[PDB]
Each structure stands twice: as structure tokens, then as C-alpha cells.
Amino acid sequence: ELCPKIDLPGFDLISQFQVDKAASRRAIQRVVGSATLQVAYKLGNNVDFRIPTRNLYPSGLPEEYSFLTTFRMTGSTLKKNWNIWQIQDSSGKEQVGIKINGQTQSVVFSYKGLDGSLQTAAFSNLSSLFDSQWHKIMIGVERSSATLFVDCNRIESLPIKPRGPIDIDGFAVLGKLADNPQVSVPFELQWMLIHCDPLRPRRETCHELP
């Protein structure tokens, strides 16, 4: 449904979560991004960006897709474990998500397996991502693998098990602390996209990361 066979469509999450609107309504601050002409949005601070899961993924996520985002974090945020994006059930339990694990300087892709357990693909050794500068991370979710790209460089590919159904009675939310779904973490957001083409990250360039 979200991604029909056939180029393949993509979804602008900054648009869907109405981040731009919130900035145009003085809810959050807009700042210069990774490059002079780029606009970024400052987050965290107790703005709640969440959308009922049923409103976006009534049938869950497709088998294959890619998640791409350009963001910046600094100070205390660098040591926190937080989900830049995730789908959680009504109680706040993660169904699928992309976690920036500052405690181990790694990025973790979590997903529900066929038996309902939460499986993970942990990409470690990513110290370069925690330097307070702008970075772009992309994850290509394929049939049996998940591949991480950082600043347009292929970093590593890990095997992943078949995805099971997810609970859709919750919400898709942005920048929430890994342990507490009610706590937002401050960070700057410049781009966030979910694309139907799992190989979408391969044709991305990073000229905007001076």
C-alpha cells in the first residue's frame, strides 16, 4: 500500500510532521543549517511531534524501504540514547526505529521479528558521528539486510530477520529518549525522508555538508 510496484515514491517527514508549520507558527526556532542557504529546525524542548500510526501506516511498513535524515546534535545530547524516528505502540514500546546510541557511539535499527520480539541491527564504531557537526545518516532496509550510510559513505551492512507485524495502535514520533517516550531530546533537523526505494541512499550526494 505505502509502496506499490511500478519512479518509486518518497515521503517528506518534515512535511508530514508539520515541523515547518510549527516553525512558521513560532512553535520552534528555524536556524541556518549545514550550509548557508539551508534551513534547519531546532528540536526537542518540549514540542511533541507525533502522528497516529494508523494515519500513516495502517498496514505497517513495507518489506523494503530506506530512511534518510540530516541532523545535528551537540553537548549533553551526544551521550544520550535517543530515537530520531520510531513507531511505538500505545504504551510507548518500540515497534520499528532508528536509534542514535550515544552511550556506545552507534546507530541501531530495531524492528519486530516474526515472533513479536524486538530485533536489532547495531552499527557500532561511529565516533565520527558525535563531533557536533552536521551529518547525514541513511539506512537501506532490504529483504534480508540493513545497510548504513554516513555522510554519503557506505559504512556497513548487517543481516536482518524477516519483519513481523507491528502494533499500529500507537504513534510515529520524533526525537524521543530511548528509555522514556515522554521525553524529547534537543537536536537540529534539516531533512528526513522515507523512500520506497531501498537503494535510494546510493544515489545521494553530500555537497551540503561543508
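Each residue number is its position in the shown sequence, starting from 1.
Q: Between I6 and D7, what class does the number of missing deposited residues fall in: none, 1 to 3, 4 to 9, or 10 or more?
A: The entry has 4 to 9 unmodelled residues between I6 and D7.
Q: Per the entry, where is the mean C-alpha temperature factor higher: 58 to 66 or 176 to 184?
A: Going by the record's values, the stretch with the higher mean is 176 to 184.
Q: Per the entry, where is the mean C-alpha temperature factor higher: 190 to 198 or 13 to 21?
A: Taking the mean B-factor of the alpha carbons in each, 13 to 21 is higher.
Q: Have a look at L37, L148, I160, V31 and flag the one whose Cα has the highest B-factor in the entry.
A: Going by the entry's C-alpha B-factors, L37 comes out highest.
Q: Out of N81, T74, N125, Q86, which residue has the highest Cα temperature factor in the PDB record?
A: The listed residue with the largest C-alpha B-factor is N125.
Q: Within this chain, which third does the Cα B-factor at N45 fall in: lowest, middle or highest?
A: Answer is highest: the recorded C-alpha B-factor places it there.
Q: Comparing against every modelled residue in the chain, figure out the third that the C-alpha B-factor of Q105 lands in (lowest, middle or highest).
A: Its C-alpha B-factor, which the entry lists for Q105, ranks in the middle third among residues of this chain.
Q: Relative to the other modelled residues in the chain, which third contains the C-alpha temperature factor of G113: lowest, middle or highest?
A: For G113, the deposited C-alpha B-factor lands in the middle third.
Q: When the modelled residues of the chain are sorted by Cα temperature factor, does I166 land in the lowest, middle or highest third?
A: Middle third.
Q: Would you mind checking where the Cα B-factor of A27 ranks among the modelled residues of its chain, as the lowest, middle or highest third?
A: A27: CA B-factor falls in the highest third of its chain.
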